[PDB]
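Here is the structure we will look at.
Taken together, the values in this text are just the output of simple stated rules run on the coordinates, not laboratory data. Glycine also receives a Cβ, built like all others from the backbone with ideal geometry; neighbour counts cover every protein chain displayed.
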Amino acid sequence: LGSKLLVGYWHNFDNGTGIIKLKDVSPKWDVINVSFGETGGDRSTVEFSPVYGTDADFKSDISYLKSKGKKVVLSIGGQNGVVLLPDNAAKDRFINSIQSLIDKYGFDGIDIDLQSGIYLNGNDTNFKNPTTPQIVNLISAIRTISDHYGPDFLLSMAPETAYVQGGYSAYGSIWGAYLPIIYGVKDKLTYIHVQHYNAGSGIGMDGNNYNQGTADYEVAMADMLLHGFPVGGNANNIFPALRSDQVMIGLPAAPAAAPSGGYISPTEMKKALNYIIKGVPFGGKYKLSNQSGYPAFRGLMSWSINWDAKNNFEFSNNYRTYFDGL
Ligand SMILES: CC(=O)N[C@@H]1[C@@H](O)[C@H](O[C@@H]2O[C@H](CO)[C@@H](O)[C@H](O)[C@H]2NC(C)=O)[C@@H](CO)O[C@H]1O
């Protein structure tokens, strides 16, 4: 896996942007997050069927990409996905159904993109030791699935900001709810790409409010994970820094990819990237915690490959050239 990645979500569906067959995906993407595994009635058995091709065709397309150095990852969740693991039985259905799918298609890893059904219960106050079954069991399942595969099974996650940086303001309900998951699987975690979009405003470690889609916002939000931060207003409850190589930023490929805002122009985003990676500022209001940068910052994720293809390949072309240019 390269040191500066472009991770692109791939639509296993036509939402009007069309279907791109796997071999027609731009090689600028290093990792392809196939979207999405979802559940039926039991909310625990994950299901997936390719939007084009026989199962064997799709598996073959995945093998081809892998032969080219690309990673093809199964994403679980997104917008409409629901996974509920109230008990061990549900956890086991989740584990087994996901392993079967990885075995069936040869996926390189999994991406956790669960955006519903995840809450810190009352009394669940310690991110190092969660008590909410959904959280405890998700952690357990993720470790178990990761441990079912070889030395470079890829694990990623794409939580919304409330679940992560939100933990700076509160710890309970959705606020900070992915912190225990991140912490619980950090030794297996390849990288996390929080969704810096459909997000409104975020509070930086300088206590200031930042608006999504601005360079300052992107730096302030990433710095939380790069530096670590106190949780829920408690100076004595510090969430530790992840490895810089575990930190990515998730962005919309085009304005329309995130209908509630979040899109940032590459020209503005490169300002943020230069500051995060090299400690080179751009006259912004946010001050980076390490003013000489975090060189090992892992790269950018985008929703999505399909949106990118529809937007003059702006995201993939701009950021591949930027990262290659470093
Ligand atoms: C990772 C990620 O961006 N997850 C969310 C996306 O799922 C979501 O895109 C929407 O996904 C739906 C399936 O879950 C599609 O039906 C829907 O068409 C698609 N919407 C668009 C505009 O592409 C994005 C939307 O910005 O939000 C993410 O949170």
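For the chain, adding -39500 (n - 2.57) for each run of n ≥ 4 DSSP H residues and dividing by the number of residues yields -9000 deg cm²/dmol at 222 nm. Under 5 Å from the amide H of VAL73 lie the amide H atoms of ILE32, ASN33, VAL34, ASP108, each residue being 5 or more positions distant or on a separate chain, with H modelled from the backbone and absent for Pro and chain starts.
Between the listed residues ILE182, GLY279, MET224, the Cα displaced farthest toward the positive end of the dipole of the chain, a dipole computed from Cβ unit charges relative to the Cα centre, is found at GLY279. Please tell me which of these pairs span more than 19 angstrom C-alpha to C-alpha: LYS188/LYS270; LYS23/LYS70; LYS4/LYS71? Listed pairs above 19 Å: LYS188/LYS270. In loop segments of segment 41-86 as defined by DSSP, the chymotrypsin sites (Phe, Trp or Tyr not before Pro) with at most 14 further C-beta atoms inside 10 Å of their C-beta are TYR52.
With +1 on each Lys and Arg Cβ and -1 on each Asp and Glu Cβ, how big is the dipole of the chain about its Cα centre, in debye rounded to the nearest 20?
Details: 26 positive and 29 negative charges, 140 e Å.
That gives the chain a dipole magnitude of about 680 debye.
For segment 255-264, backbone phi angles converted through the Karplus equation (6.51, -1.76, 1.60; θ = phi - 60°) give residue-by-residue couplings of x, 6, 6, 9, x, 9, x, x, 4, 10 Hz, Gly and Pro being listed as x.
Given the chain, what percent of its DSSP beta bridges are antiparallel, to the nearest 5? Write out the running numbers ahead of the final one.
Working: 11 of 47 bridges.
Counting DSSP beta bridges with both partners in the chain, the antiparallel share is about 25 percent.
If packing is taken as the average count of other Cβ atoms within 10 Å, what order do 21-27, 175-181 fall into, highest mean first? Display every interim value, and only then the final one.
Working: 21-27: 14.4, 175-181: 25.6.
Output ranking for 21-27, 175-181: 175-181, 21-27.
Each 10 Å bin from 0 upward holds the following percent of the Cα-Cα pairs of segment 162-219: 22, 50, 27, 1. Across segment 190-195, rounded Karplus estimates of 3J(HN,Hα) from the backbone phi angles (6.51 cos²θ - 1.76 cosθ + 1.60, θ = phi - 60°) give 6, 6, 10, 10, 4, 7 Hz, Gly and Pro being marked x. Coordinate range of the alpha-carbon atoms in the chain per principal axis, descending: 53, 48, 35 Å.
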